[PDB]
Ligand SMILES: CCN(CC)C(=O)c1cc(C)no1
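A single chain, nothing else alongside it, follows as structure tokens in the form deposited without the named molecule.
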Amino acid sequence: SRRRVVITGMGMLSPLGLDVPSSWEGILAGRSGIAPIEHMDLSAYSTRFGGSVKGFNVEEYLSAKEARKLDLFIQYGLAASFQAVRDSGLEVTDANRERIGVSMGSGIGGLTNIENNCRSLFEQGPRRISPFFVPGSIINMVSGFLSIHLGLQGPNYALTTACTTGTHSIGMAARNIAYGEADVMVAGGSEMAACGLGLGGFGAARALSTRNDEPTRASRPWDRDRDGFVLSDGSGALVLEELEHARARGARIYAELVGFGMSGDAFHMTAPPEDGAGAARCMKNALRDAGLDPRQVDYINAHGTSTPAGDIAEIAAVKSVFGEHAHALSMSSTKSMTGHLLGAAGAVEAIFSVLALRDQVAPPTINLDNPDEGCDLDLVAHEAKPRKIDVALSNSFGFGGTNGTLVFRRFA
């Protein structure tokens, strides 16, 4: 029946760094990765900043010939994946390649490539669309290209669930392993939606912070002066592995993935209900899946995107699920520093949750200068808090009311 799933490898590109340790160093130091966007002219836009990946060198991962065929979200996804596989120490062979799969997702995918090709179509005609437009832009090609590069022949797929993509990708990949469909999965997500369509689109929806004068203070979850999310880019990948498989090869085990929960709000296209009813049902599903007492939860890495309705819904949901224990645990939003990585958010935040377990420290919610009415939990304001963490949750409560919760536990 249901086999146990552990984390043996991790990889990442974020607004804070070009790998896991550098990103984590920034997280624990309370550093913002948010800055005015330099790669395009945003003078005509209401938001002119975000979390860019800085100094990415694709030549550390892929030949120039292969890299030019790929949208940045694919480059980022492959980078995080290559890091995670290397980190795991796993040797891929004919004996195991059929048992190793991939589930790397994205919220929007190759929007830069789509936009660029639409410009070519409109101004020059259809014969100027790139032959690599489809294979270089569709969301499943992170899973596609990774499997080809490394010879991974197990289950191969891709989620697209907006803010929840990375969380679903990791959860369902653990389900594959638990079910016996695979012994190893590379899972997570990637995003690069910082183009005219992305910044303009979220801008037209009035979804983004417009705090152009102080970009590092823009992302401020649970603060009374929050005004929308900050768009960020990057990727996270984890190597998930069946427990006995990991033990048999003497793998280093970071943590155990013990629970995964899902729900739908069935409420609104963009905003959650203020009581966070769906989020609460999601966390409850996750806790039951993990066979845990709620009081066992020590740290919650929040969705916390710095939106009026979104942030307050999470407080309400945490209070409903945990009761008086809501005041004993610590919850923080690392999006205060990284901004919102959309399809990659759940992946980088799973990594942060695993590292919170490794290092026994809760990452801060920076910018929490004045908590809003009712936001009176331990939200780890301003600075990292060393504390006991035996169980960590990571929440993603995304566009369309799609909810996912992952439950991680210390392994010994």
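Note that residue numbering begins at 1 and tracks the sequence as displayed.
Same protein, other form: the form solved in complex with the named molecule, not shown, and the subject of what follows.
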| item | value |
| --- | --- |
| Residue stretch of 346-354, 60-68, 372-380, 24-32 approaching the named molecule in the deposited bound form, non-hydrogen atom distance within 4.5 Å | 60-68 |
| Residue contact check: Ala248 to the named molecule in the deposited bound form, 4.5 Å heavy atom | no |
| Contact test in the deposited bound form: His327 vs the named molecule, heavy atoms, 4.5 Å | no |
| The named molecule contact in the deposited bound form: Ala95, any heavy atom under 4.5 Å | no |
| Residues from 124-154 in contact with the named molecule (non-hydrogen atom within 4.5 Å) in the deposited bound form | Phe145, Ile148, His149 |
